[PDB]
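1. Quick one, fold the following:
(9 chains, ligands or ions: 3)
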Amino acid sequence: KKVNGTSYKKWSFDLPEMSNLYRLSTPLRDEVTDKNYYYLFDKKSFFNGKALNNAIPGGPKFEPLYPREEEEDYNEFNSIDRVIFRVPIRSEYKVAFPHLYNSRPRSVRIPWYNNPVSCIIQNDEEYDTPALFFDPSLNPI
Amino acid sequence: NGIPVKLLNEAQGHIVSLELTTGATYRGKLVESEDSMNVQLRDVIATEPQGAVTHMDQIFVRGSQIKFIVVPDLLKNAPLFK
Amino acid sequence: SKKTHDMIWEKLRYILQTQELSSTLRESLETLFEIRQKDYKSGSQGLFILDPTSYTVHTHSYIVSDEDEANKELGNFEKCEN
Amino acid sequence: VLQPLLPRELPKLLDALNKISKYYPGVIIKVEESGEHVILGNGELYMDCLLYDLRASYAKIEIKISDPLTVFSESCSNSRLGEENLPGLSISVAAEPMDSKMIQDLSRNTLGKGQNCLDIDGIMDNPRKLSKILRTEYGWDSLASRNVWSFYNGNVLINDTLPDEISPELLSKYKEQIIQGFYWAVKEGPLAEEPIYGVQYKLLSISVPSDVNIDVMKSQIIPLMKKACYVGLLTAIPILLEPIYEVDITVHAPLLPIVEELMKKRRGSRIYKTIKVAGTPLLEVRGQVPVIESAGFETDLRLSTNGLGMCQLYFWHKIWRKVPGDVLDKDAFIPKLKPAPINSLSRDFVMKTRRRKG
Amino acid sequence: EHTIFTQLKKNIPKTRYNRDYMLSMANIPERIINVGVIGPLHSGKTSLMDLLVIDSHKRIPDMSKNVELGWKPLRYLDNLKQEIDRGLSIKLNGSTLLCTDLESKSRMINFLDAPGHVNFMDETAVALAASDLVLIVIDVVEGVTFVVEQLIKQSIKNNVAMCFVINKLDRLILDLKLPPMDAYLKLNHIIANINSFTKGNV
Amino acid sequence: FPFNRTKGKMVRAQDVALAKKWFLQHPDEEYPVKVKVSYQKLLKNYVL
Amino acid sequence: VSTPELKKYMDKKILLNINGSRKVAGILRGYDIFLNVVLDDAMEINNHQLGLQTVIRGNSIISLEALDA
RNA sequence: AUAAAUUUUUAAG
RNA sequence: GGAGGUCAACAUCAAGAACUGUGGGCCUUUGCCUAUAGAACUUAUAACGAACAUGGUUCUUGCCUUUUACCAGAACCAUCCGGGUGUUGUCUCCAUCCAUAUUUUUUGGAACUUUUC
Ligand SMILES: [Mg+2]
Ligand SMILES: [Mg+2]
Ligand SMILES: [Mg+2]
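-> Numbering: from 1, shown residues only, chains lettered A, B, ... in the order given. Ligands and ions are numbered 1, 2, ... in the order given. Pasting the structure now:
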């Protein structure tokens, strides 16, 4: 029942076991269950990171990909007399809402916005702290 | 519950025909029906058992005194039966 | 205290949720839970310079069936033949 | 702001722009004398959804998009005279602040049943009664309550003098040419060439030249209402109104102190309500932050708390606020590359936006 | 390139309720309605529409085997590119079908999903201004909140008829893990907390 | 994904990549610049 | 079980077609789950009124055709 | 009120 | 006949969000329209592999005596280590739905007599 057979493909397991495995492998596991964690660490914030030639502060650096930025007219549109600096525009803006802060992207992708703000609450201290328990993180209602 | 009742309910909106124990056929838009076939109808003609016809507005009929109800043949198609 | 504490808040929060209380008692009552999930050093603060093992301490034997021994005899002075 | 990258492509952009206005209803679009285009939209994500759908579907041409900006508006807080450019006519206008609860009222458009006030849109609701709504509720002049003519977006016009009463008929001629000129100089502006807001206009009196004339007065009078309204605003101690987003924030509880900083930093810096949440370790936090400072804000939150939290900004009550500066200074400090000092914010924005148009 | 879609006349799903008959219902204005659906972000809306859909069409193309039994939600009305990878909804988007109440009285219904972000409210205001009655979908954990306020004042302000659905109860137990009692207490707390905004109606 | 399922298929024993997860997650804090730059190399090789 | 939805016909004059090829008229005042009718009185169809108000039993009603729209 | 870190070698003429 | 195989052969796996067969109408086989049946595997933060290499041409660079060998980006292609599903063959191990009668149904208000046709 557990595994297919000598050719050894399609393993089929059971809860208590797969629990115990969970338990053991605790050193080796990713451990982070909230998608909302990776915020600029997903792929697409990487690809955006490259293609606009930015570096997330903890980020992988890549190559210009559109190297010559130096061609430019002397052109009044974006100039200083006409622009007001209130808030800096850090990069992560430009990687978060790419088409907007960054004039002229090329080959950019769609950052995925956000997930529900996980509430998950675990009780890891006692083995016998029962399943359903009102946990001090909660508010009183 | 009765499937004929269900059918009747479905026929709501449609132009049903309707004879009583008396034998006085009506034909009209079925306004409302209940478990007991307590039908209401709009814009309804009313034939006498002898022959003569009379137009009338919003007839109510109590299922006890109803004999048989004709529903339009579109309801045959779907989707009450299965 | 882990069990006893736990069941103490069993009934204690059970209060705020099922019971109906005054305003100015209730406001405080929940300030408790707030500082709880803020972890209590607002209420726990002190002199910690003393050790549990080194310092000779005495864990007193009382139990609420005890009349404390109510000593006014040690309240006042005697004659010392010593 | 918008410009298409190479001049020769201006048409293609337009052929898409009209499309977008259709497909995304909320947006509102503009041109200037500049050839710039202006794209007004709800919120930051919303501008994202657009500009992507602008570049990668409808128009294909790359364009240059400014630093995110904001709207502004023009208000005021209190002999008085004015003139024609060819001295046959003159106007002079009265202008005051209006009730915050009045202007409060208008921007809430209402049917006014019950004992409640009514909005101004129904002005052809019982006009005398209408003056009862006014006299009653707003402490309004019963005589002006008689005299109220006509309203527009955030403000309204009135009439006070005798030579009015010399020619309430001859003026009953030019009413609806004035109501234009009022819409005219309202939609436009003295300073920012931007919409005026929340102002009371009580006319002084209107000199019309001897014998008047036929088509002189017709379209002669409306622009003269331009200088009228402006001149009435200037000496009235103007200010510059800036929007305010009603912040909503959600956090896990122990991360709260964090939020404090952000607000201290972002100058919105009012968190009105900390609403505990029930059964869930959350805190709703209701607050305010101005539009202009809100630029990156929602990220600054979403990062700084390491994946817990969320934010939204939005504009409903359509509240506004004075911008702190002194609306004109010849001695002003302008930083050149830093966020300006709050002893003049507004002087700055004047001398900038004017440097957009000219 | 720009969107997803189906372009053909023979691959549109079979639709187990026999469309033309639906078109027969369509005659009487009496038996059809327009239900707009709104709520706050990430409240379950589009998912819910898809409950109706997968419950309606018999054999869908867009199902991968994945969501078929699986994990990721099939988000049917999403349909753009942007609204897919952005992970969200922009253009409000319809679905029509006939479906039965428990009576077996089967009505034709126009559902219309609306975006739940607060910078898209514009494209909800449409969804109201048309639609007949609206389901406000409340995410149990979030609980009502300023956005659900301005909604419910906007529904009933425009003379529409509301029904609430509490959503995402997986998050109740299987995350918060709330003993049965305290959960009941919670739901009560929402309901009490909403009725104060639905005044003359309970 | 590795875990919650309890029914699935084998992988060639070299496909399970045990250490991917560590260099996806943030660097943490303490580490001296040698290992951080080690991270940046592992990203760059991944993204690519 | 369910109530006869005659709230449309409330406070309107109705031709109660009744058992044995007879008739009644009158304004509708009330009813119940058995379809008994309570009505403010009128004639029996030349014509002659009896009573101030009248109550018709459920069984007896053939029809209650509305005189007013 | 900062957490931003390139390389690296063998043969043949 | 069932279970298996670190067994084989042959099909199929990147697309109008997309497959195939069939009935009928039109054009003249293709093709269009209509009706009908069936759809394994793989796909939406898009894909056969929650894995991860190498080669060729072409441009841009970087080391910089020249070439192999190279530095790091892009475009267009290729190779290689693997995989799923289906059919057939072969091998091994075993076997030959209420329960009950007093207004809406089933405890009936049915019958008798007479005229016309
Ligand atoms: Mg949605
Ligand atoms: Mg040589
Ligand atoms: Mg040589």
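
2. and residue 48, how many neighbours does it have?
-> Let's take chain A. 24 (other CB atoms under 10 Å in any protein chain shown). Yep, even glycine has a C-beta here, placed from its N, CA and C like the rest.

3. Can you look at chain E instead?
-> 18.

4. Where does it fall, secondary structure wise?
-> Taking DSSP states H and E as the definition, residue E:48 sits inside helix E:45-54.

5. and that helix, anywhere near RNA strand I?
-> No. Using CB under 7 Å from any atom of the strand, helix E:45-54 never reaches RNA strand I; the gap is at least 11.2 Å.

6. And for that helix, what's in contact with it?
-> E:37-39, E:60, E:63, E:73-78, E:89, E:95, E:97, E:99, E:111, E:113-114, E:116, E:137, E:165, E:167 (CB atoms under 8 Å, 6 or more residues apart in numbering or on different chains).

7. Repeat that for stretch A:95-110.
-> A:40, A:44-45, A:47-49, A:51-52, A:54, A:56, A:65-66, A:78, A:89, A:93-94, A:111, D:5, D:44-45, D:47-48, D:51-52, D:55, D:62-65, D:67-68, D:296, D:299, E:81-82, E:85-86.

8. Check which helices and strands the helix or strand hosting residue E:185 is in contact with.
-> Using DSSP H and E, residue E:185 sits in helix E:180-195. Packing contacts for helix E:180-195, counted by 3 or more CB pairs under 8 Å, 6 or more residues apart in numbering or on different chains; DSSP states H and E, involve strand E:161-167.

9. For the strand it packs on, what is the distance to the chain centroid?
-> Chain-centre distance of strand E:161-167: 10 Å, with CA atoms, centre = their mean, to the nearest Å.

10. how about the residue of chain B at minimum distance from chain A, what does it touch?
-> Residue nearest to chain A within chain B: residue B:79 (37.2 Å; CB to the nearest CB). Going by CB under 8 Å, 6+ apart, residue B:79 touches E:17-18, E:21, E:100, E:106.

11. Tell me the one among those nearest to RNA strand I.
-> residue E:18 (8.5 Å; CB to the nearest atom of the strand).

12. To what extent is the closest one buried, counted in neighbours?
-> Residue E:18, neighbours per other CB under 10 Å, totals 14.

13. Not counting sequence-adjacent ones, nearest residue to it?
-> residue B:78 (5.0 Å; CB to CB, 6 or more residues apart in numbering or on different chains).

14. so how far is the first residue of stretch D:326-336 from its last?
-> Start-to-end span of stretch D:326-336 (CA to CA, to the nearest Å) is 18 Å.

15. mind listing what's buried in it?
-> Applying a neighbour-count criterion of 16 or more other CB atoms under 10 Å in any protein chain shown, one finds D:327, D:329, D:332 buried in stretch D:326-336.

16. tell me which of these is nearest to chain B?
-> residue D:327 (66.1 Å).

17. can you give me the strands in chain G?
-> G:14-18, G:22-24, G:27-31, G:37-40, G:43-44, G:48-49, G:53-56, G:61-66 (DSSP state E).

18. ok, now chain B?
-> B:15-20, B:26-32, B:39-47, B:53-61, B:66-70.

19. possible to save these as TSV with mean neighbour count?
-> Output for the strands of chain B, formatted as TSV (neighbours: other CB atoms under 10 Å in any protein chain shown):
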stretch	mean neighbour count
strand B:15-20	19
strand B:26-32	19
strand B:39-47	19
strand B:53-61	17
strand B:66-70	15
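
20. For residue D:269, find the nearest of the ones you listed.
-> strand B:26-32 (61.1 Å; CB to CB).

21. Need the residues that contact the longest helix along chain F.
-> If you go by DSSP state H, chain F has its longest helix at helix F:33-47. Defining contact as CB under 8 Å, 6+ apart, one finds that helix F:33-47 is touched by A:43, A:46-47, A:50, A:58-62, F:20, F:23-24, F:27.

22. Filter the contacts of residue B:79 down to the buried ones.
-> By 16+ other CB under 10 Å, those give E:17, E:21, E:106 as buried.

23. Buried residues of stretch D:240-257, list them for me.
-> So for stretch D:240-257, counting by 16+ other CB under 10 Å, buried means D:240-253, D:256.

24. Correction: the previous question concerned stretch E:188-202.
-> Result for stretch E:188-202 [16+ other CB under 10 Å]: buried residues E:189-190, E:194.

25. gap between the two ends of that stretch?
-> End-to-end distance for stretch E:188-202: 13 Å, by CA to CA.

26. which other residues reach the helix holding residue E:185?
-> A:132, A:134, A:141, C:17, D:278-279, E:138, E:140, E:143-144, E:148, E:152, E:164, E:166, E:172-173, E:178, E:202.

27. now the end-to-end length of stretch D:79-99.
-> 25 Å.

28. what's in contact with it?
-> D:75-78, D:105, D:138, D:155-156, D:158, D:160, D:198-209, D:216-217, D:220-221, D:224-225, D:227-229, D:231-233, D:235-236.

29. One more: stretch E:93-107?
-> B:6, B:9-10, B:12, B:79-80, E:15, E:17, E:21-22, E:25, E:31-33, E:49, E:52-53, E:55-56, E:76-79, E:108-113.

30. quick one: terminal-to-terminal distance for that stretch?
-> 20 Å.

31. What are the buried residues along it?
-> E:93, E:95, E:97-98, E:106-107.

32. got it, and stretch D:52-71?
-> So, applying 16+ other CB under 10 Å, buried residues of stretch D:52-71: D:52-59, D:63, D:65-70.

33. what's around the residue in chain G that RNA strand H sits nearest to, how many residues?
-> Proximity of chain G to RNA strand H (CB to the nearest atom of the strand) peaks at residue G:2, 69.4 Å away. Using other CB under 10 Å, residue G:2 has 9 other residues around it.

34. my guess is it contacts residue B:33, does it?
-> No. Counting by CB atoms under 8 Å, residue G:2 does not reach residue B:33; the two are 10.5 Å apart.

35. What segments of chain C are strands?
-> Going by DSSP E, chain C shows no strands.

36. burial count for the closest residue to chain E within it?
-> Residue nearest to chain E within chain C: residue C:17 (5.4 Å; CB to the nearest CB). Residues within reach of residue C:17, counting by other CB under 10 Å, total 15.

37. again, but for the one 4 residues further on
-> Summarising burial for residue C:21: neighbours were counted as other CB under 10 Å, giving 11.

38. tell me the contacts of it?
-> Residue C:21 neighbours (CB under 8 Å, 6+ apart): C:15, C:29.

39. one step back: if any of the contacts of helix E:180-195 are buried, give me the ChimeraX selection for them.
-> Buried members of the contacts of helix E:180-195, defined by 16+ other CB under 10 Å, are picked up in ChimeraX with:
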select /A:134,141 /D:278,279 /E:138,140,143,144,148,152,164,166,172,178
